[PDB]
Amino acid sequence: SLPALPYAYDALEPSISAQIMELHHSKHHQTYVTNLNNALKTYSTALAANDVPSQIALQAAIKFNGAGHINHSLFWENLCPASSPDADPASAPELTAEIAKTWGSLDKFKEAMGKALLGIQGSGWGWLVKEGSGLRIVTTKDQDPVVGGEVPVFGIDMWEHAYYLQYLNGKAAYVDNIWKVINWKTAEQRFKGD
């Protein structure tokens, strides 16, 4: 039951291969949405049956898979082809300004992110979040969401499956190349909010 990417599978080349995008979407993400759907269906049954032992395990399944589904979804909306105007950081004036108030420059921040991204041990994500008025950079393990009271602005997937087929162990290269497909329109929309 899974919505199509806002773009083609090769729309993010050469930063991210058509191969990686299809596998990430039709296999990794799909799996989370499927097992989420499954867990959600059984749960309606376990309620009526008054199966409390089941409801506990299904609470685990729903939390875990719902997190994976949301992470990749936030992710696909964080990306656009490199040519698109949504790639140019002027699309996020108010945010970038707060970036430079906090880290000084755009680049002093891309650097700060890169460092945190490549410092993740295992699987996880890197997030630019909003906390109150200021910004932190945070990382999350596995499919954990950001701690409460932070608002995702944009995320970078640092699971190996997100780059391995193209960059092998070269995660530093992967990180240098994603900046070219980041969607600053979206980061702006989420920096302001509702």
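So that there is no doubt, residue numbering starts at 1 and follows the sequence shown.
Stretches 67-75 and 100-108 differ in mean CA B factor, with 100-108 having the higher one. Averaged over Cα atoms, the B-factor as recorded in the entry is higher for 6-14 than for the other of 179-187 and 6-14. Residues shown: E131, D157, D51, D144. Highest C-alpha temperature factor in the entry: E131. Sorting the modelled residues of the chain by their CA temperature factor places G126 in the lowest third. In the deposited entry, the Cα temperature factor of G114 places it in the middle third of its chain's modelled residues.
Among the modelled residues of the chain, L40 sits in the middle third by CA temperature factor in this PDB entry. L135: CA B factor in the highest third of modelled residues in this chain (values from the PDB entry).
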